[PDB]
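A.B. asks: The structure that follows is given in the form of structure tokens.
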Amino acid sequence: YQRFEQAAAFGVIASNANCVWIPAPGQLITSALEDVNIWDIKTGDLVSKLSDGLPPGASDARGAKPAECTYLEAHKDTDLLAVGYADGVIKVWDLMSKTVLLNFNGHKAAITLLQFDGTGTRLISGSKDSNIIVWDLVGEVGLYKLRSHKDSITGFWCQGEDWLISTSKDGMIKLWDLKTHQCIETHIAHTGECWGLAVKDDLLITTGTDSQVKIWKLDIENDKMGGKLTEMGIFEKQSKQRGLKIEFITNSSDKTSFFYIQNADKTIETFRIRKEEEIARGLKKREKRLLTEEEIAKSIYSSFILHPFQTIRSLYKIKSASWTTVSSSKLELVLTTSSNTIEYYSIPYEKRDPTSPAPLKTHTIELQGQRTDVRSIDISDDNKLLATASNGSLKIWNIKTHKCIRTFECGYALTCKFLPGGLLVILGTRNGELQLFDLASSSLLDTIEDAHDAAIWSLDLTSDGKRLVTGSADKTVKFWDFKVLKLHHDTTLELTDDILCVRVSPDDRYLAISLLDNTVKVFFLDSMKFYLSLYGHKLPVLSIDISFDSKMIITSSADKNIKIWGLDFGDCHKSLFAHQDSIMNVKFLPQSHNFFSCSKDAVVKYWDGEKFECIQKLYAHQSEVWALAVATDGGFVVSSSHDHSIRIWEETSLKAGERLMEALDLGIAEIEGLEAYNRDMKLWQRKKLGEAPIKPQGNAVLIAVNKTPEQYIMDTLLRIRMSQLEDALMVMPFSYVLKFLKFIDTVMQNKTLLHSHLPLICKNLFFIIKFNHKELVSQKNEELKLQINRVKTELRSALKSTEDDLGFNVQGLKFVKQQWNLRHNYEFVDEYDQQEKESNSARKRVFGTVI
Amino acid sequence: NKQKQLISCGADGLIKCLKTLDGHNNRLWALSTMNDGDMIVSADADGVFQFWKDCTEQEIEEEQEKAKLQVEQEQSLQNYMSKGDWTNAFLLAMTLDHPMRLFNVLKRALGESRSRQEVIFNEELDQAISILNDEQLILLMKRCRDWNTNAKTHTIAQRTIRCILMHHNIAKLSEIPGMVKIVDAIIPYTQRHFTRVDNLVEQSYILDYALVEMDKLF
Amino acid sequence: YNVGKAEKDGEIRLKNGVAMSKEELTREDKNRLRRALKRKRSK
RNA sequence: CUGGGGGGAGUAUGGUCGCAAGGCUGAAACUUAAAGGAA
């Protein structure tokens with residue numbers, strides 16, 4: 001088969017991520033969906049779209065959504081870009097050659113921050129799941145995983161090798177000793193979430209849910225447990241929403257610091273922090289009226305040391321920001337907003353006055369976007385493309401360059417079409433209005449106010465183009481002719497129900513209209529004849545398509561399935577269930593019975609109309625695919641979605657016993673090696689110090705598991721099971737029994753792991769010598785005789801030491817119970833009433849017996 | 001202030017349902033709530049009055065101050081489990097009531113007590129277990145009771161029972177309400193552990209029999 | 001006396017004897033103890 | 001306020017006249033949604 005693929009994607013400038021700024025104002029790296037694009041603020045031309053080397057839609061593209069980029073981060077000097085994606089992976093690229101250097105999957109959810117540290121070679125990464133991982137770049141390895149937060153890492157701040165400090169989407173800020181990787185000090189920052197973190201070395205600043213911004217003093221050289229990071233006071237903002245990024249600078253040329261808190265909505269609150277001279281010369285002024293009350297006033301600091309500044313607003317909702325500074329009169333701040341647009345503002349400040357009632361944007365890159373989701377896409381014969389938006393941004397892109405060359409202002413517009421000669425656009429809007437535009441001249445040929453009483457929903461030209469059909473939510477369809485280049489309403493068909501799709505056949509034959517009442521009706525255009533009524537879809541029914549032979553129609557709806565109908569008798573053929581949310585649009589190919597359907601769950605799907613298979617399952621969008629349009633000839637198809645994207649699609653095993661034996665042999669070899677080393681040390685310290693042994697290096701596996709040999713043998717002796725322990729001890733020969741006795745003799749000098757394994761040592765040792773008693777008492781060596789005596793003394797001392805406190809506790813606890821009894825048990829002198837009282841007050845337990 | 005409301009004379013003022021107030025000893029013809037927003041609520045019985053405080057936001061600050069305290073001194077116990085110094089770790093795990101961390105501080109302090117060298121822990125730890133009150137020692141003996149049911153974890157329980165017995169007053173231990181259903185529960189466990197360790201030390205003398213055979217060898 | 005279940009709700013008390021507190025268990029042991037309780041319910 | 005078939009208790013029915021089964025519903029021209037049932 002001649003399958004499909006993706007040629008190019010565009011329409012996005014700023015997506016659901018952050019932005020990094022690079023100096024030459026300068027350029028900007030930001031996110032498109034799953035690929036990063038670089039822009040020069042000066043002009044705004046797309047100078048780079050760094051993308052994955054595999055086209056989404058190819059043979060090896062995997063069966064899921066692609067990983068949306070979610071955090072840009074840049075190493076300036078050594079020229080790297082660490083970008084991180086929605087599944088958790090981190091790709092590190094060199095910006096010179098634009099290839100992938102490092103892949104750093106690691107995480108389990110989406111990631112939320114990156115940071116290079118010690119400028120090169122180290123990258124720390126925080127994610128939706130509460131881990132935060134340190135990575136080395138000269139080893140390609142996750143070094144450390146700091147794991148104690150609970151919800152989602154909202155920010156952190158590190159210095160090199162000793163201290164990190166993170167704050168997460170619970171209420172908690174944490175300080176991490178990066179030598180031990182244990183959390184040192186934990187506070188509750190804000191009572192809900194904690195969304196911000198910034199610090200200029202003395203003061204730390206955090207923000208939470210609503211306007212309460214908290215100043216902290218971190219004293220890194222502190223020694224107390226609670227008090228490495230203390231809280232110094234709160235203050236307020238003007239926004240009651242989530243401040244979610246704070247960032248600082250030190251402008252030179254005096255020395256000064258500025259920080260911003262961007263908000264959820266539309267607003268960045270900028271702040272100047274002042275200097276120690278005006279701290280000292282402002283302290284007395286609030287210390288006026290002359291001291292317990294004045295000390296309470298001086299303690300209740302934030303408004304003192306912090307100074308608000310020019311509160312920069314924007315048109316849309318703010319997603320990310322970053323700035324640069326010179327002279328303290330060029331706080332030059334780039335800002336990517338949600339409705340895709342970047343904006344380069346710059347506030348001046350004459351070091352006492354900010355010299356403006358409201359700041360000024362110096363650049364704005366917004367030409368290659370829409371600011372809303374494209375509710376309708378269209379195409380020329382083959383050359384141009386039509387994108388229809390809610391703000392009014394009709395845009396005429398071109399296929400061969402992916403640049404909008406022509407754009408207008410219409411309104412909440414949901415459907416549009418071209419006109420068959422090209423260079424002319426019809427369009428209908430949300431309210432009762434229709435509009436006409438062109439390509440060479442300006443916007444409005446004419447608008448028709450009161451084109452319909454209510455929301456228009458779908459229009460269609462005839463194949464010659466002179467006559468178009470508009471169906472609207474005022475329960476009417478209308479017909480319009482082109483009189484000479486103006487619209488002529490002549491007839492109108494009022495239905496009982498809100499018509500929401502129209503279509504004609506591609507040979508002027510049928511008019512199929514989709515009603516809100518779960519059905520479609522097929523009419524004859526030449527008679528308004530009411531040929532057919534296709535029924536049985538069971539929810540209101542979206543896009544129709546008529547085939548090129550005018551024999552076969554498709555019918556999409558919000559029932560998550562498309563139905564194929566034969567138009568000769570109105571008989572159904574398939575009812576194939578696609579698309580688990582809602583099929584928004586469905587369109588045939590030009591010459592074939594193959595078709596495409598794009599849906600509300602971020603997927604387009606390629607089907608055939610003969611076997612009714614799914615030919616292909618294309619997976620490049622991220623959100624609700626609102627429209628798609630096929631070429632008139634040739635058959636390449638464009639699809640446009642809710643993530644502001646427009647994309648083209650073209651054609652192409654030991655056991656117990658022997659484990660204990662090998663553990664015993666290496667353990668006792670290490671043990672008597674160290675004992676020979678100690679005898680060598682005593683002889684070369686008691687004799688002429690001219691020589692000694694060189695070095696016994698400790699065993700590989702013993703230093704690899706970090707265990708003394710007694711502990712190594714002790715845990716493998718633990719790890720054999722009780723059912724095969726009497727076999728594990730019976731398999732081993734008498735030489736291993738003798739070195740087992742050496743092992744027990746050494747282990748009851750370390751009285752820590754003697755007392756934690758007393759019954760195990762007793763059981764194993766007594767079975768060993770009880771089984772090997774005949775040979776043991778025939779061995780003739782005073783070393784083993786002294787060994788047995790030493791083991792006997794230390795073992796029996798440990799056992800009598802534990803049963804001493806056992807017997808003590810028995811007699812003490814029964815004394816306690818008995819003195820409680822003789823204090824207040826009861827008063828019976830008569831033995832029969834006494835025994836009946838004790839029988840009524842006894843402990844009962846009921847048992848299931850068999851008779 | 002919009003929608004919840006006060007009613008009177010169950011024997012008490014009640015708000016809308018939640019928060020039965022203190023009330024009185026008998027009946028009631030009284031409500032005056034009408035200062036600034038909804039300030040001081042006078043509610044009067046036959047003779048006795050109450051002047052109910054303010055907007056009820058005082059409790060939430062107190063309510064939000066404990067969780068902060070508990071999450072602060074939960075990240076002191078982890079630092080103590082890291083670096084040792086088991087005494088404040090012990091009393092603070094007793095305050096938090098973290099039972100397996102309590103078993104860990106007692107077990108590792110007991111192991112190092114076996115290591116180095118009247119006193120059975122370090123002396124600052126057993127005076128710290130000497131100076132704890134009735135609720136703490138009764139929950140300490142609840143979980144010494146349930147640790148004593150093992151044959152592995154029983155030694156830590158026996159030595160904690162031993163230091164309680166030799167650092168507290170025995171009449172006080174009897175008069176604490178609840179500590180006669182615990183000691184009845186873990187006397188017979190100590191009895192079976194005594195019989196088991198006595199059987200183990202009586203079958204320990206095959207080493208001595210092997211020594212006398214090895215001496216009769218020559 | 002035999003070790004039943006805990007008389008609190010932030011506590012997990014196995015019949016071994018080892019009482020664990022839910023505030024002191026990490027999330028790995030929380031998932032592991034939940035699956036183990038699911039096994040002991042399912043049998 | 002005159003008009004009457006033929007005992008009681010049962011049994012069978014290859015006759016005639018009826019009433020009645022199936023089998024998840026939605027759901028067929030469509031192997032089709034939501035939701036419900038059952039286990």
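Identifiers in this document derive from the order of the structure tokens: chains are assigned A, B, ..., residues are numbered from 1 separately in each chain, and ligands are numbered from 1 in order of occurrence.
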Taking only chain C into account, list the residues labelled helix (DSSP H, G or I) by DSSP (computed from the backbone), as a VMD selection string.
C.D. replies: chain C and resid 27 to 42
A.B. asks: Go ahead and save the residues from that selection, with C-alpha atoms, as a PDB file, in the first residue's frame.
C.D. replies:
ATOM      1  CA  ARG C  27       5.095   4.589  49.900  1.00  0.00           C
ATOM      2  CA  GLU C  28       6.841   1.441  48.668  1.00  0.00           C
ATOM      3  CA  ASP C  29       5.952  -0.408  51.857  1.00  0.00           C
ATOM      4  CA  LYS C  30       2.481   1.127  51.749  1.00  0.00           C
ATOM      5  CA  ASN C  31       1.835  -0.398  48.318  1.00  0.00           C
ATOM      6  CA  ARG C  32       3.490  -3.645  49.404  1.00  0.00           C
ATOM      7  CA  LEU C  33       1.430  -3.965  52.576  1.00  0.00           C
ATOM      8  CA  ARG C  34      -1.729  -3.131  50.635  1.00  0.00           C
ATOM      9  CA  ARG C  35      -1.041  -5.906  48.130  1.00  0.00           C
ATOM     10  CA  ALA C  36      -0.212  -8.315  50.955  1.00  0.00           C
ATOM     11  CA  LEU C  37      -3.490  -7.453  52.680  1.00  0.00           C
ATOM     12  CA  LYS C  38      -5.241  -8.055  49.362  1.00  0.00           C
ATOM     13  CA  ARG C  39      -3.697 -11.533  49.232  1.00  0.00           C
ATOM     14  CA  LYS C  40      -4.750 -12.338  52.791  1.00  0.00           C
ATOM     15  CA  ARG C  41      -8.270 -11.148  51.990  1.00  0.00           C
ATOM     16  CA  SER C  42      -8.391 -13.119  48.731  1.00  0.00           C
TER      17      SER C  42
END
A.B. asks: Taking 4 positions as the minimum chain separation for residues in the same chain, which residues sit within 12 Å of segment 5-18 of chain C when counting only C-alpha atoms (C1' of nucleotides)? Answer as a VMD selection string.
C.D. replies: (chain B and resid 96 to 104 139 142 to 154 157) or (chain C and resid 1 22 to 25 29 to 30 33 to 34 36 to 37 40)
A.B. asks: Step one, run DSSP on the backbone; step two, keep only residues of chain B assigned to strand (DSSP E); then write them as a list in words.
C.D. replies: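 Of chain B, the ones in strand (DSSP E) are residues 6, 7, 14, 15, 18, 19, 20, 41, 42, 43, 44, 49, 50, 51 and 52 of chain B.
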A.B. asks: Please return, as JSON, numbers by chain, all residues of chain A lying within 8 Å of chain D when only C-alpha atoms (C1' of nucleotides) are considered.
C.D. replies: {"A": [538, 559, 560, 561, 563, 571, 572, 573, 574, 575, 576, 577]}
A.B. asks: Would you list the contacts of residue 339 of chain A as a ChimeraX atom specification, taking every protein, DNA or RNA residue within 12 Å and counting only C-alpha atoms (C1' of nucleotides), but skipping same-chain residues closer than 3 positions in sequence?
C.D. replies: /A:11-16,266,314-320,335-336,342-343,365-366,368-374,389-391,642-645
